[PDB]
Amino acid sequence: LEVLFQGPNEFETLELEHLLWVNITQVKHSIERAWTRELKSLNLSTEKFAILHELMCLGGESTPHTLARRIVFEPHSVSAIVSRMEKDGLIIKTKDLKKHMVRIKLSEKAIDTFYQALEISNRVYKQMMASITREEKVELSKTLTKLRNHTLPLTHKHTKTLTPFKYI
C-alpha cells in the first residue's frame, strides 16, 4: 500500500541547534510578512520602523555612529536605510556646524508616522503571539537573550551598546 523508497532521507533529521536556526528564521519571516502587510499604508518596512524607533529613543536626533552602536544591524545597512528614509522625508540630515560629521533628525512627519505605527504594531504583535502564554513569552525572551549575549561578541567586539529595552 504505502509506496517504497519515498520517505524522508537523512538530511531531514538535524542537530537540535540547526533546527533552532531554522525555527528562528521561520518565525522571523512569518511574523514580519504578516506585520509588513498591516503596516503597508504607512509605507514602513521592519527596518525603517526599527530605525524610527531607535531615533525616538534617542530623542529624535543623533548621528550615524551613535545610531549604529545602538542597533544590531550592520553600519552599511543602517546607512542605506537612513538614505531611503531621507528620500521618504522621514529623516533630515544636516552638516554639523565638526567638518564631515552629519546629524540625523526625524521630521515631525516621521514622528507622527511613528505615533501611528507603534499603536498598530503593538496590536499586531499581541494578536500574533496570543497562542503562547505569558510564561512561555517570558522564558522565550530569557532564552533568546542568553543566546544573543553569547553570540553577539563573537563578531561585534565593543562595537554595539544595544538599546536596553525593558518590558513590565
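Numbers follow the displayed sequence, beginning with 1.
Engineer: Can you say how many deposited residues have no coordinates in the span between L97 and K98, choosing none, 1 to 3, 4 to 9, or 10 or more?
Structural biologist: The entry has 1 to 3 unmodelled residues between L97 and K98.
Engineer: Comparing average C-alpha B factors as deposited, tell me which of 83 to 91 and 67 to 75 sits higher.
Structural biologist: The stretch with the larger mean CA B-factor is 83 to 91.
Engineer: 25 to 33 versus 100 to 108: which one carries the higher mean Cα B factor per the record?
Structural biologist: Comparing 100 to 108 with 25 to 33, the higher mean C-alpha B-factor belongs to 100 to 108.
Engineer: By the CA temperature factor listed in this entry, which of these ranks top: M128, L140, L55, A117?
Structural biologist: The record points to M128.
Engineer: In terms of the chain's CA B-factor thirds, is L39 lowest, middle or highest?
Structural biologist: For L39, whose C-alpha B-factor we compare with every modelled residue in the chain, the answer is the middle third.
Engineer: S121's Cα B-factor: lowest, middle or highest third of the chain?
Structural biologist: Bottom third by C-alpha B-factor.
Engineer: Please say which third, lowest, middle or highest, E135 falls into when its CA temperature factor is compared across its chain.
Structural biologist: Answer is highest: the recorded C-alpha B-factor places it there.
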